[PDB]
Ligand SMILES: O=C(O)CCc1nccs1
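The chain below stands alone and is given as structure tokens, in the form solved without 3-(1,3-thiazol-2-yl)propanoic acid (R9M).
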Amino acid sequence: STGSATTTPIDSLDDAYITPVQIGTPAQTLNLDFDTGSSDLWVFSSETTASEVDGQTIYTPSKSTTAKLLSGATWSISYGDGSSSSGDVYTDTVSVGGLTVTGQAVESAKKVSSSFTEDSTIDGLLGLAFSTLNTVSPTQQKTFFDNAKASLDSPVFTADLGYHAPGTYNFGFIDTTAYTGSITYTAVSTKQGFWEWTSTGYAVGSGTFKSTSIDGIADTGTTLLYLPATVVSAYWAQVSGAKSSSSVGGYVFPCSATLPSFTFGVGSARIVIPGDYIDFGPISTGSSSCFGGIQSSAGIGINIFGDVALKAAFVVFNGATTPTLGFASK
């Protein structure tokens, strides 16, 4: 089997991407944030505290003839940005782009933090990291990909995110029309539960490539590119007027600037992020100071190849017996 679904930016800045997902019988379609940096499929629901729902579409398990309460199971997750959610668990039929999993754990939110309530465009998360990170207790649950894998034509999924445009998540096949050149594959460590790999270096604009190992995660659920302070300083030094602002929380730059590209290495291959992809717009409405899309990872404890990086590539999440990652230009 295979599946193919379009993923759409939630706003004009590509702050996140949503993908429609069918849950239950009859289908209830929710727009979920596919997150290769976590492993829970959770949704706003008829159980979510009413004051914490503000425009999201909800899953109502009592209206699904295939929903079953997973007795005694609860979940609770906190993310890197300080947001969180928690609740109970159902199993139900879940379909993405024509690919169906029966018995998928659907984590129903009883509580969500304010940043989830405040984002009416995201109805929940669909985790695509390794199932070892799943938070369900006392019986850990599998991701949608982990449940589908054996049925897929090939044990892979691909992320093809757009810049200010829709893109595609495919399951079970590689669309050879969706990229240029070849796909370069690189080793993955699953020890921290992530799609963790080592980039071979970087360049800023037309500058020379610096060979240096950068260990980080391929994370569709993080907006920005978080890299070591040395690398980030080298990038922003090429932008007149750019500075790190403790009050704003990162590097800012004049909105009048034309940003240089940023290249990252995948083996001997190179992925080029155009400068425009690095512009996250005014820091507050009407400001002429703009927020940068490349930020320091110092104090995160890991580098994060988030959407800014991934959207410049066609990315293969290869879930073969030994997982790997593939990157192609597009």
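Residue indices: 1-based, along the sequence shown.
The protein also exists as the form solved in complex with 3-(1,3-thiazol-2-yl)propanoic acid (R9M); that form is not presented, and the subsequent description refers to it.
Trainee: Answer yes if any heavy atom of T49 is within 4.5 Å of a heavy atom of 3-(1,3-thiazol-2-yl)propanoic acid (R9M) in the deposited bound form; otherwise answer no.
Mentor: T49: no contact with 3-(1,3-thiazol-2-yl)propanoic acid (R9M) in the deposited bound form.
Trainee: Does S247 make contact with 3-(1,3-thiazol-2-yl)propanoic acid (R9M) in the deposited bound form, using a 4.5 Å heavy atom cut-off?
Mentor: Answer yes; at least one heavy atom of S247 falls within 4.5 Å of 3-(1,3-thiazol-2-yl)propanoic acid (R9M) in the deposited bound form.
Trainee: Taking the shortest heavy atom distance, is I283 within 4.5 Å of 3-(1,3-thiazol-2-yl)propanoic acid (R9M) in the deposited bound form?
Mentor: Yes - in the deposited bound form, heavy atoms of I283 and 3-(1,3-thiazol-2-yl)propanoic acid (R9M) come within 4.5 Å of each other.
Trainee: Can you name the residues of 266-289 that have a heavy atom within 4.5 Å of 3-(1,3-thiazol-2-yl)propanoic acid (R9M) in the deposited bound form?
Mentor: Residues within 4.5 Å: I283, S287, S288, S289.
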